[PDB]
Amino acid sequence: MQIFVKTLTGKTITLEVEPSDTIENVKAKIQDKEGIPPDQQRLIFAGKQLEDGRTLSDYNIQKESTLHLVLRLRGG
């Protein structure tokens, strides 16, 4: 299925995924395509934080869903 990932800069990344895929796996697809390291990536779905070890299915992320990619802050 297709999902979309909206970046901070306003780009929409388009991914081919399955409900069973982990969030970590989705981050890996983002990385190959946009060069964003997974350790920086934080995926959000309608305001909810998504966690690496959980799956798209766990969050009821279905076809044509849009996630938001935000970035970890690096505060001293």
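Numbering starts at 1 and runs along the sequence shown. Definition used throughout: the rigid core is the maximal C-alpha set that superposes within 1.5 Å between two forms.
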After fitting on the rigid core, pick out whichever of 48-56 or 6-14 shows the bigger RMS C-alpha deviation in 8 other deposited structures of this protein. 6-14
Between 19-27 and 64-72, which has the larger RMS C-alpha deviation from this form in 8 other deposited structures of this protein after core superposition? 64-72
Please work out which of 44-52 and 29-37 has the higher mean CA B-factor as recorded in the PDB entry. 29-37
Higher average CA B factor in the deposited record is what I'm after, so tell me if that's 2-10 or 65-73. 2-10
Chain thirds by Cα B factor, record data; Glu18 belongs to the middle
